[PDB]
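**Q**
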Amino acid sequence: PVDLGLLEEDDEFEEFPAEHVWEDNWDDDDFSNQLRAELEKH
Amino acid sequence: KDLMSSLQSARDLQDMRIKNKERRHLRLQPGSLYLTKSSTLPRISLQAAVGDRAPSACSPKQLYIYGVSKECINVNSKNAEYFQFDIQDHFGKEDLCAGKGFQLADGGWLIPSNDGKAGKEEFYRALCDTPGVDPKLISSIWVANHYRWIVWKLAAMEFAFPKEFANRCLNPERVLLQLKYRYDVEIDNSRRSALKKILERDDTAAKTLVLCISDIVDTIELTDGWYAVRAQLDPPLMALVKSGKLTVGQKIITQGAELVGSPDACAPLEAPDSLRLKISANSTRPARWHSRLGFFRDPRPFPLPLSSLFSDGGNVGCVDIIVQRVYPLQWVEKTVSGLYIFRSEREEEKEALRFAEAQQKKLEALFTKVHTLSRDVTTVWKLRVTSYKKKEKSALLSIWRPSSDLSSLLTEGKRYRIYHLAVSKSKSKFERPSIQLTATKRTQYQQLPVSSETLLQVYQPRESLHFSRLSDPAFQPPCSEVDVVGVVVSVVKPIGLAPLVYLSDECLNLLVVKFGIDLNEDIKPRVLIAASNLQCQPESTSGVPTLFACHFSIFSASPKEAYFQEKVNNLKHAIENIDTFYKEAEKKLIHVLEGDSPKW
DNA sequence: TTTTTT
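Chains as they are written, first to last, in the deposited numbering: chain B, 7 to 25, 37 to 45, 50 to 63; chain A, 2399 to 2614, 2637 to 2792, 2882 to 3087, 3089 to 3110.
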């Protein structure tokens, strides 16, 4: 099943950056459900 | 469980290696993780690792089956530094019957602390004793932070993402693992996280950044995955956090933020309270659920549409627009008392001179004494812009201290990415609810191309109104401005100011132009005239429609702008045709003006 | 730093 160490953590960063993404209108799918936060809701 | 007997029997044995090994230079051995990742082994994206699927446990999903673990669930960003695993729930009775405890991968020993708990402390030591680990370069807090983060992450993982994850992450081994990971990075090779890298005035400050909100009302906490500072929020962000449209654990991405507090070479996270990360609404926004905290690949400002934007929410790092209409200059005076005075050119020439004549009167008198102070006026250029592809309330962008050539650079009907513009409220009888685009020293402009057809969709060049339309109540044109051509039939200019000028077209339709300024002159009846930028207005002379003449207004008796001619020389026709026009005109006015059947 | 009319 799914490895758990080759998985690119949403945080393992690269030295310097060189080695859509934002929701247009503020108030108004991949944006609505934040993982880390789904936690506080439960 | 076990017995306190065979406990200090590795605790007081542990400290041994601490000392004895700290009495030398160690052998830094890369941990598990670090090496794995470093390998040639194919890697996975949470994205893919979940099948382009995003979180489905909305306030408790009914299927705890998968692997519950009420020993995590009750974890939240705040209680992640606490925690402590229960050496009894995740084990059984295995290597716990002896006097060793638990050796959790990579090497090193964890001392399943007394009461049956293993948390913060333990692992710190259980780290110090781990191969290649030199507890001489670390603290029990530095590991209090990293503990926290990691935990939190994991916890989640299970939650929202179970059909792929479970208690496969809450394994102090797994845990102690990254814990080690961190070491090999932040230390071994010394690659500083975003924050840590910036809170150390070492890498370009708050430019692009994706962070996750860690804590909460005065202000809130943001983390890059490694450390967390407190952000300084502006009015509308507040109004979000307040409304709950932004909650801990959500990821945002900001732009050109700024570092308030300690303008000194600040130590890695763990400083005062004076520092803060100031982030402005119009510079930050919601990020996609994965997104990878830290800095960000392309730093070059992300464009937004005007459609959003708050008056109160700082500069728009950038907008891509089309310049609907460009305008005539302006001169502005800060009267000693504060007040501002807008002036047309051939209108701040008059006053311009008025001063001169009196300035003059001053010296005349200064020396009729020795012998026998200035004006705060500045220039401004305003133009009407719109977010590129789409519909919006148009925006009024104003460049102060304009510039010789620039008049001929930003034009009407062209496309521009304007980088760095301050945003403010509208305040202008003529546009009340909207926002203001104001260029700064920072600002810069880019002209991008546009397709003839994408053009004709967004834009709307200028065109000389038909007259007819003005009677109709269905004429709700753009923001209310219009341009026109007609011949002057009469100039009523009563003292109790605000002159009117009636013009008529070739079909004898009239309109009056209430003047908010002084009559450009040349404005005698029988004259061909071309007004530009007239405001619209309800009505006036019982019957005939009105148009107001602005500081931004324009008139000419000899127009060059092409959009007029089709109606100008169209007008020239009746004009030149006869004279009995300049006369049919009166008839009408007088007629209109006096009504169908007055006391004849 | 941003304003007007019978």
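We put the beta carbon where it would ideally sit given N, CA and C, even for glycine.
1. Chain B beta carbons: is any one of them nearer than 8 Å to that of A:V2668?
2. If you check the beta carbons only, do A:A2701 and A:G2734 fall under 8 Å apart?
3. Per DSSP, what are the beta-bridge partners of A:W2909 in this structure?
4. Does A:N2418 come out as helix, strand or coil in the three-state DSSP assignment?
5. Taking the alpha-carbon of A:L2433 as reference, which of A:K2578, A:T2704, A:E3015 and A:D2684 has the nearest alpha-carbon?
6. Going by beta carbon distance, what residues of the same chain come within less than 7 Å of residue 3134 of chain A, once the five residues before and after it are set aside?
7. Check whether the region 3002-3021 of chain A and the region 3097-3110 of chain A are in contact - that is, three or more C-beta pairs closer than 8 Å.
8. Select from A:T2888, A:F2730, A:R2717 and A:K2923 the residue whose C-alpha is nearest the C-alpha of A:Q2744.
9. Any chance the region 2657-2668 of chain A sits against the region 2502-2514 of chain A, with 3 or more Cβ pairs inside 8 Å?
10. Give the residues from the region 2531-2545 of chain A that approach chain B closer than 9 Å (Cβ to any Cβ), ordered along the chain.
11. For A:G3105, I'd like the list of residues in its chain whose CB is within less than 7 Å of its CB, leaving aside the five on either flank, ordered along the chain.
12. Tell me the residue span of the beta strand (DSSP E) that contains A:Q2955.
13. Rounded to the nearest angstrom, what separates A:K2934 and A:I3004 at their Cα positions?
14. From what residue to what residue does the alpha helix (DSSP H) around A:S2430 run?
15. What do you reckon, are the CB atoms on A:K2594 and A:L2689 nearer than 8 Å?
16. Looking at the structure shown, is A:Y2747 part of a helix, part of a strand, or coil, going by DSSP?
17. At 8 Å on the CB atoms, spell out the chain B contacts of A:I2442, in chain order.
18. Note down, in chain order, every chain B residue with its Cβ under 9 Å from the Cβ of A:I2471.
19. For A:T2438, decide whether its Cβ has a neighbour in chain B, counting only Cβ atoms nearer than 8 Å.
20. Which term fits A:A3071, buried or exposed, when burial requires 16 or more other beta carbons within 10 angstroms of its beta carbon?
21. Report yes or no: do the region 2563-2582 of chain A and the region 2426-2445 of chain A share at least 3 C-beta pairs separated by less than 8 Å?
22. Here's the rule: buried if 16 or more other CB atoms are within 10 angstroms of the residue's CB, otherwise exposed. What is A:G2714?
23. Secondary structure at A:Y2928, three-state DSSP: helix, strand or coil?
24. Anything in chain B within Cβ reach of A:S2457, meaning under 7 Å, just list it in chain order.
25. From which residue to which residue does the beta strand (DSSP E) around A:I2463 run?
26. Going by Cα to Cα distance, which pick from A:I3063, A:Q2675 and A:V2466 is closest to A:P2723?
27. A:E2641 bridges to which residues according to DSSP?
28. Comparing the C-beta of A:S3051 with each C-beta of chain B, is any distance below 8 Å?
29. Are the CB atoms of A:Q2652 and A:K2698 nearer to each other than 8 Å?
30. How far does the alpha helix (DSSP H) with A:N3042 in it extend, from its first residue to its last?
31. From A:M2402, A:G2506 and A:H2544, pick the residue whose C-alpha is nearest to that of A:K2518; which is it?
32. Which residues mark the beginning and the end of the alpha helix (DSSP H) in which A:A2524 is found?
33. Taking only beta-carbon positions, decide if A:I2742 is within less than 8 Å of chain B.
34. First and last residue of the alpha helix (DSSP H) that includes A:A2558?
35. Might you give, ordered along the chain, the residues of its own chain that have their beta carbon closer than 7 Å to the beta carbon of A:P3034, omitting 5 neighbours on each side?
36. Can you name, in chain order, every residue of its own chain whose Cβ lies under 8 Å from the Cβ of A:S2916, other than the five neighbours on each side?
**A** Short version:
1. Along the second sequence, one-based indexing puts residue 2668 of chain A at 248. Contact of A:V2668 with chain B is assigned, a C-beta pair being separated by under 8 Å.
2. Here residue 2701 of chain A refers to the residue found at position 281 when the second sequence is read from its first residue. Here residue 2734 of chain A refers to the residue found at position 314 when the second sequence is read from its first residue. It is a contact, given that the beta carbons lie within the stated cut-off.
3. The residue you call residue 2909 of chain A lines up with position 400 of the second sequence. A:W2909 is bridged to A:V2889.
4. Translated into the one-based positions of the second sequence, residue 2418 of chain A becomes position 20. Of the three classes helix, strand and coil, the one that applies to A:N2418 here is helix, per DSSP.
5. As a position in the second sequence, residue 2433 of chain A is number 35, starting the count at 1. Looking at the Cα atoms, A:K2578 is the closest of the given residues.
6. It is not possible to answer for residue 3134 of chain A, since the shown part of chain A is limited to 2399 through 3110.
7. yes
8. Counted from its first residue, the second sequence places residue 2744 of chain A at position 324. For A:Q2744, the nearest C-alpha among the options comes from A:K2923.
9. Because the criterion of three Cβ pairs below 8 Å is not met, the region 2657-2668 of chain A and the region 2502-2514 of chain A do not touch.
10. none
11. The sequence position of residue 3105 of chain A within the second sequence is 595, counting from 1. Cβ within range, chain order: n/a, list empty.
12. Stepping through the second sequence from its first residue, residue 2955 of chain A is reached at position 446. Start and end: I2944 to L2957.
13. Within the second sequence, numbered from 1, the residue matching residue 2934 of chain A stands at position 425. Within the second sequence, numbered from 1, the residue matching residue 3004 of chain A stands at position 495. Spanning the two alpha carbons is a distance of roughly 36 Å.
14. Here residue 2430 of chain A corresponds to residue number 32 of the second sequence, with the count starting at 1. Segment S2430 to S2436, the alpha helix (DSSP H) holding A:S2430.
15. In the second sequence, residue 2594 of chain A corresponds to position 196, counting from 1. In the second sequence, residue 2689 of chain A corresponds to position 269, counting from 1. It is a contact, given that the beta carbons lie within the stated cut-off.
16. Position 327 of the second sequence, counted from the start, is the residue given in the question as residue 2747 of chain A. Three-state DSSP puts A:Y2747 in coil, outside helix and strand.
17. On the second sequence, residue 2442 of chain A is found 44 positions in, with the first residue counted as 1. Within chain B, the residues near A:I2442 are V8, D9, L12, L13 and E14.
18. The residue given as residue 2471 of chain A occupies position 73 in the second sequence. Correct list: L60 and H63.
19. Taking the second sequence and counting its residues from 1, the one referred to as residue 2438 of chain A is at position 40. Output row for A:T2438: interface = no.
20. Position 562 of the second sequence, counting from 1, holds the residue named residue 3071 of chain A. The residue is exposed, with fewer than 16 neighbouring Cβ atoms inside 10 Å.
21. yes
22. Here residue 2714 of chain A refers to the residue found at position 294 of the second sequence. So A:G2714 ends up on the buried side.
23. The residue given as residue 2928 of chain A occupies position 419 in the second sequence. Three-state result, A:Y2928: strand.
24. On the second sequence, residue 2457 of chain A is found 59 positions in, with the first residue counted as 1. Near A:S2457 (Cβ distances below 7 Å), the residues of chain B are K62 and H63.
25. Mapped onto the second sequence, residue 2463 of chain A falls at position 65. Taken as a continuous stretch (DSSP letters only), A:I2463 belongs to no beta strand (DSSP E), as it is neither H nor E.
26. Counting from one through the second sequence, the residue named residue 2723 of chain A turns up at place 303. Nearest option by C-alpha distance: A:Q2675.
27. Here residue 2641 of chain A corresponds to residue number 221 of the second sequence, with the count starting at 1. Paired residue(s): A:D2613 and A:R2650.
28. Taking the second sequence and counting its residues from 1, the one referred to as residue 3051 of chain A is at position 542. No, because no Cβ of chain B sits closer than 8 Å to the Cβ of A:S3051.
29. Here residue 2652 of chain A corresponds to residue number 232 of the second sequence, with the count starting at 1. Here residue 2698 of chain A corresponds to residue number 278 of the second sequence, with the count starting at 1. The answer is yes: Cβ separation under 8 Å.
30. Within the second sequence, the letter at position 533 stands for residue 3042 of chain A. First-last for A:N3042: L3037 to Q3046, but that is the beta strand (DSSP E), not the alpha helix (DSSP H).
31. One-based indexing of the second sequence puts residue 2518 of chain A at position 120. Closest by C-alpha distance to A:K2518, out of A:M2402, A:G2506 and A:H2544, is A:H2544.
32. The count along the second sequence starts at 1 and reaches residue 2524 of chain A at position 126. Element bounds for A:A2524: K2518 to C2526.
33. Residue numbering aside, residue 2742 of chain A sits at position 322 when the second sequence is read from its first letter. Output row for A:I2742: interface = no.
34. Position 160 of the second sequence, counted from the start, is the residue given in the question as residue 2558 of chain A. That residue, A:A2558, is in no alpha helix (DSSP H); it is neither H nor E in DSSP.
35. Walking along the second sequence from the start, residue 3034 of chain A turns up at place 525. Excluding positions up to five away in sequence, the list reads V2997, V2998, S2999 and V3000.
36. In the second sequence, residue 2916 of chain A corresponds to position 407, counting from 1. So the qualifying residues of the chain are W2890.
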